[PDB]
Amino acid sequence: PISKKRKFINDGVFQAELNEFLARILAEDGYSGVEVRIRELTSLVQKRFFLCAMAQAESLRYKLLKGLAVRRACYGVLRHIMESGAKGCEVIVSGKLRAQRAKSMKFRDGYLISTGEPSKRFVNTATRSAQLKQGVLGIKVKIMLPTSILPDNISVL
Amino acid sequence: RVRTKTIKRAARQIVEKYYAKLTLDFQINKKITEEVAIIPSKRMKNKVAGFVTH
Amino acid sequence: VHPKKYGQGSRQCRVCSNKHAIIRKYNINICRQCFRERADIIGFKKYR
Amino acid sequence: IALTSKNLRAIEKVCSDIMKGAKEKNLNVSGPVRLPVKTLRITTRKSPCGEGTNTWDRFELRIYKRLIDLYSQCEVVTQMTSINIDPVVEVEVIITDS
Amino acid sequence: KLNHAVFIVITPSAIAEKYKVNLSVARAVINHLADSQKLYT
Amino acid sequence: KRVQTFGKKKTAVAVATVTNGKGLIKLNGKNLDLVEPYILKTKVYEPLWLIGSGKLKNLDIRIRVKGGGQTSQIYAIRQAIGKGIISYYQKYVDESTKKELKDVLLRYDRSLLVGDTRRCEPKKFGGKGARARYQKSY
Amino acid sequence: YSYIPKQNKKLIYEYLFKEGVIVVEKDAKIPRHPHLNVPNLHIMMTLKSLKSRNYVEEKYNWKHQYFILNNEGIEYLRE
Amino acid sequence: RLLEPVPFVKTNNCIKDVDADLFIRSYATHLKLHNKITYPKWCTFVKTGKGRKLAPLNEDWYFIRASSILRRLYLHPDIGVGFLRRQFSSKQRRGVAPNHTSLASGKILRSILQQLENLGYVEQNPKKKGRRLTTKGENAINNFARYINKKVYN
RNA sequence: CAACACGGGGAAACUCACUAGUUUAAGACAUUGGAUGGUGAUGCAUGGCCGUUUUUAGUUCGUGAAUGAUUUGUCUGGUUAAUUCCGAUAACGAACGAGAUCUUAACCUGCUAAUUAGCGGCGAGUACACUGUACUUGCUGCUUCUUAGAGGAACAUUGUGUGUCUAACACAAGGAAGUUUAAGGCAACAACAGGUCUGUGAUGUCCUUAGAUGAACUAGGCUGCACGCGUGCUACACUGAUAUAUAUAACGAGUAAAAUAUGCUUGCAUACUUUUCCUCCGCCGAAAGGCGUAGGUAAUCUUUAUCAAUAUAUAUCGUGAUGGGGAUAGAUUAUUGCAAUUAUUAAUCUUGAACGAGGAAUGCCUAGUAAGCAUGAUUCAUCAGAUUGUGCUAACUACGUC
């Protein structure tokens, strides 16, 4: 009965709800895909309906949440990202950060491009809320991946 | 208008490895750059070929 | 209670339950601020 | 079959694979009919609140429809199509006697 | 202010100028004489 | 036999069909004079006056005009007649004669041969115009 | 007043056991569940209480509760 | 004025071969002279459409409206009332508010269409959805078009 | 500036937080204590997002060199849209930004393709000529044009001038295109106690919680008005108004409530139909509008080889606060809605204010733009003078300077 336009929007909205629902569940593991444990989750969604940036950021907020020192945690994550073969990485931490005045702290390594469509093409980006004692910390992770090719580079054998 | 470091640097590299083939025609040079270079955009390949010709 | 099935108080955002700023074009039923958080995964990409 | 998608490249891959698949078996297809692209455009204010300059961004959801009419037994062409698709391509039945 | 009236180049302005007539009356004179703007006789 | 071609100025398109005939020229179902503004009428007669009356006397011409406004249609028609006459002589009559004819048209104007490609600059938020802005005040 | 029938409470518990899960939906002026023809306000009240006693856990996402039973809850609900 | 020198071959076989206005005025005048279609009396007190916001103020207009409608029917062979209402629409100054086009009055249109239909000029059918032109009218319009073309030309 | 048609904030109700008041429990847990919710307080507790700085051209490192903060690199000069290049040069080498990338729009593939697009082929008539032209029903090679996939095409190409004659510019030619083809999008570093807790179940603390700041219902009100400031709309007429006629546009956008029968008694309850979105079309209505029907979930029906207005042509005025001007008011019948009074909106007749081209001041703008003219979409039960798109009508003036 419904139109194609209506079909496409409903498909997108369903994806968005499911993505947020995955975010509410998935603190017990990394990222290992979706199926289109699994019995209860499948049952809920069926009942209702009828290098990886997210992983690194989720790991980082869990480490931060456990109250480990902020520099040590940031360095540990950053070094792990580089170890995993990153062409560049930047991790930003915003909020209170052990003071009664809010601040941000930047931790960058590697090429870490930002302008234009190569930025969208090669940089995966992730936001995560860490609620700590006096309110909330914002984790923003940016990872620039293994490359197709990066358009600026020109070389000859 | 001019030509950036990426363009000029590439232009210098070509000739460096392929002077003998390169010649005083733009279309032939463009053919050589297309064979030799790894550039992903038409406009950029042309720009390099133009400057190598120059 | 006395609801109406028409007019402003009849409807609210699918995600956040705000009554204001709702996109009803294409029957999305999401407020525009919420829509900005979701706008890539739904498919409503920016270009020009 | 009629192919509807929001991924151009995926539709293109499906188009080539069914085209090769059919042409083995000498099947009658009427060459890829590309329908006018429809874009769902949403014109969105930036900022969740008023302050600062009025700044808008224009979102576009571009949907691709493509069409092939085919004379054969349904089952093989649908089975070839259905296994060869990526789920982002939505497949709909169309069939002729000539 | 008007001071043109009923009784005594074929443009309406020329007739109005020469005989001191309102432009509808100038038009009326033109029509009588002959027997928006367009080609001339 | 028959050749078909076009003209395109702004969003107008005018298709010209140049067939073997007698010198009858129509615009949709309707004769060539029936296009209205007298000033722009002369522009569409203009290629006939540059080429004399003999060349059309062997050929019937049919025209289909769709889209665009008044000025745009007139230029598209003018352009389509140009493109039509020259293309017919390249397939059917003679390349040297066509080159001579093309030279006459080019010598007068290049606008007849190839349409002006000007088209709209998009509206951009912050003002009603394409570039124009809302009035700022302190 | 605001009574919830003994049979209705038992049916909600039974449904929760039978499935393992319940998608209640937050809104209370919607009158039925699609798979229980029960007042949603009543289902919400009992689930709120049940969570409070710690026999059922809710995940929660926008407008939807996603309730899964604790193992002690699964055993408890039978009687 | 009406005649001008021509640099191509005219056909003079149809309404599509002669300018709208001369054909329309003459046909309107002929129609009234013959007295085939009525005024009708109530029609003098009303406007053509709301974009006028005034009396029609031109006396012989009803015959003109019929004449134009008849021509539109040869031009476009299947149409209904809405097409006419849209055709004769023009701009309405809404006082302080901006202009909008506003549709022509549908009773006068409906009446003209009905009178023509009664006289065998135009025809309601299911094969082609609305009003089309029909055979006595088609012949008459074509012939009258020839009669005018010759009479005007030399 | 970077508040002030901004909070998509076009509020009849609800929306709503407010005013006059009235209710309600929807007070989990182990009476009682105990919270949960809060468009409550705090953006100088904060997250996120966004504005400015700035879409300009800036920013940073390794090593080197010159008590220290530091400086050099990153520069007298030439050049450029550009810390763009060249060149000089105690630095050499880098990196991000910028260009580049990407999306449209601009031109060519007689290749790639034909459906719900065209074009012909061909039957058949209606009309006119005259050894074809116009117009409709039925069947059915072509792909130029409609559409959209892939791919091509400009690099300052050639020629001529100017330039350390270096980077490069200037002119002419060629060319679909010569200001990186035109337009966008994307947005470094470091900020601002800029904006937002009235978008959020993002959120700290502080307040509040049955005579609630929760939930909820009825009115009233956000629009009131000696008066001050914004942005728009409509004007001040004759290159015009009025009235007929003719021509012709692009983007689009479209589907647990209604109605009939029965049981009780038009009220209530139950069944059945097929109901809410676009309206063609046929009838009725001055007009609004109505009734009857028909197709459309859409390149298929609304509707598009034509849906706008400025066009233009012919008439009517004839410069006179005038037939300019339509504020203001008075009387209507409609239409939406539970509710229209503070006139929702609609038409119809009547009513006929300021305003004679705008002081001091101050805004926007360089080519399909400016201006003028419309119109689609967004909100929408109903409401564009708003915003955002889109076209048509197509100027002026350079083409530079501090």
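Computed from the coordinates by the stated procedures, all read-outs in this text should not be read as laboratory data. Cβ sites come from the backbone with ideal geometry, for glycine too, and all protein chains shown count toward neighbours.
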Subject >> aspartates and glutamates whose Cα lies under 14 Å from that of residue C:45, excluding same-chain neighbours fewer than 8 positions away >> reply: A:117, C:37, D:57, D:60
Original post:
Relative to the longest principal Cα axis of chain D, at what angle does helix D:74-84 sit, 0 to 90 degrees, rounded to 10?
Top reply: 50
Original post:
If the cut-off is a Cα-Cα distance under 18 Å, which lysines reach residue H:53, setting aside same-chain residues fewer than 8 apart in sequence?
Top reply: H:91, H:107
**OP:** Take the alpha-carbon centre of the stretch A:64-107, take the same for the stretch F:33-73, and report the distance between them in whole Å.
**Re:** 74
Subject >> Spacing of the two label points (7 Å from each Cα toward its C-beta) at residue D:2 and residue G:45, in nm >> reply: 5.1
Original post:
Magnitude of the Cβ-charge dipole of the stretch H:78-154, K/R +1 and D/E -1, about the Cα centre, nearest 20 debye?
Top reply: 220
Subject >> Estimated Rh, the stretch F:64-133: Kirkwood, alpha-carbon pairs, angstrom >> reply: 14.6
Subject >> Efficiency of FRET between residue E:36 and residue H:3 - r from beta-carbon atoms, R0 30 angstrom, step 0.05 >> reply: 0.90
Original post:
Can you pull the percent of Cα pairs in the protein assembly as shown with separation above 49 Å?
Top reply: 49
Subject >> Number of partner chain Cβ atoms within 10 Å, mean per residue of D:50-63 >> reply: 4
Original post:
Normalised by the residues of the stretch G:1-66, what does the relative contact order come to in percent, with Cα pairs under 8 Å and at least six apart?
Top reply: 32
**OP:** Starting from the amide H of residue C:23, placed 1.01 Å from N in the peptide plane, find each other amide H under 5 Å away whose residue is 5 or more places distant or on another chain.
**Re:** C:29, C:30, C:31, C:32
Subject >> Translational D in µm²/s for the stretch A:16-145 (Stokes-Einstein at 10 °C, 1.306 mPa s, Kirkwood Rh from C-alpha pairs) >> reply: 98
Original post:
What residues have an amide H closer than 5 Å to that of residue A:137, excluding those fewer than 5 places away on the same chain, when H is modeled at 1.01 Å from N in the peptide plane?
Top reply: A:130, A:131, A:132
Original post:
What are the ³J(HN,Hα) values, in whole Hz, obtained from phi via the Karplus relation 6.51 cos²θ - 1.76 cosθ + 1.60 with θ = phi - 60°, for each residue of the stretch H:140-146 in sequence order, with x given for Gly and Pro?
Top reply: 4, 4, 4, 4, 4, 4, 4
**OP:** Treat the count of other C-beta atoms within 10 Å as a stand-in for reagent exposure and order A:61, H:86 from fewest to most.
**Re:** H:86, A:61
Original post:
Taking the Cα centre of the stretch A:87-157 as origin and charging only Cβ (+1 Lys, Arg; -1 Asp, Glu), how large is the dipole, in debye to the nearest 20?
Top reply: 580
**OP:** Name the residue, out of H:117, H:59, H:138, whose mean-square fluctuation peaks in a Gaussian network model built on chain H with Cα pairs under 10 Å.
**Re:** H:59
**OP:** Count, for each residue of G:57-63, the Cβ atoms from other chains sitting within 10 Å of its Cβ, then give me the mean as a whole number.
**Re:** 5
Subject >> Cβ charges +1 (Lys, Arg) and -1 (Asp, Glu), total dipole of chain H, debye >> reply: 580
Original post:
In peptide H:2-15, what is the residue-averaged number of other protein chain Cβ atoms found within 10 Å of each Cβ?
Top reply: 4
Subject >> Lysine pairs with alpha-carbon atoms under 28 Å apart, chain D, spacing 8 or more or separate chains >> reply: 15
Subject >> chain D: calculated mean residue ellipticity at 222 nm from DSSP helix runs of at least 4, using -39500 (n - 2.57) >> reply: -9000 deg cm²/dmol
**OP:** Give the calculated FRET efficiency between residue F:107 and residue F:71 to the nearest 0.05, with a Förster radius of 22 Å applied to their Cβ-Cβ distance.
**Re:** 0.35
Original post:
Once Rh is set to the Kirkwood radius over Cα pairs, what Stokes-Einstein translational diffusion coefficient, in µm²/s, holds for chain E at a temperature of 37 °C and a viscosity of 0.692 mPa s?
Top reply: 307
Subject >> In Hz, Karplus ³J(HN,Hα) per residue of the stretch A:135-144 (6.51, -1.76, 1.60; θ = phi - 60°; x = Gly, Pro) >> reply: x, 10, 9, x, 8, 10, 9, 10, 10, 9
Original post:
Helix D:8-24: angle to the longest alpha-carbon principal axis of chain D, degrees 0 to 90, nearest 10?
Top reply: 0
Original post:
Three principal axis extents, largest first, for the C-alpha atoms of chain F, in Å?
Top reply: 70, 32, 24
**OP:** Find the eigenvalues of the gyration tensor of the Cα atoms of chain G, then list the square roots of 5 times those eigenvalues as equivalent ellipsoid semi-axes, largest first, in whole angstrom.
**Re:** 18, 15, 11
Original post:
Using a basic spin-label model with each label point 7 Å from the Cα along Cα→Cβ, how many nm lie between residue H:93 and residue A:62?
Top reply: 7.5
Original post:
Amide H to amide H under 5 Å from residue F:28: which residues, 5+ apart in sequence or cross-chain, H placed 1.01 Å off N in plane?
Top reply: F:63, F:64, F:65
Original post:
Counting alpha carbon pairs within less than 8 Å and at least 6 residues apart, what relative contact order, in whole percent, applies to chain H?
Top reply: 26
**OP:** Quick one: work out the % antiparallel among DSSP beta bridges in the stretch F:10-112, nearest 5.
**Re:** 75
**OP:** Straight distance only, please: which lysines reach the Cα of residue G:18 with their own Cα at less than 27 Å, same-chain residues fewer than 8 apart left out?
**Re:** A:47, G:6, G:9, G:10, G:26, G:29, G:48, G:51, G:59, G:63
**OP:** Using θ = phi - 60° and the Karplus relation 6.51 cos²θ - 1.76 cosθ + 1.60, list the HN-Hα couplings for the stretch H:102-108 in order, rounded to whole Hz, with x at every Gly or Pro.
**Re:** 9, 4, 5, 4, x, 6, 4
Subject >> Efficiency of FRET between residue G:4 and residue A:43 - r from beta-carbon atoms, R0 22 angstrom, step 0.05 >> reply: 0.35
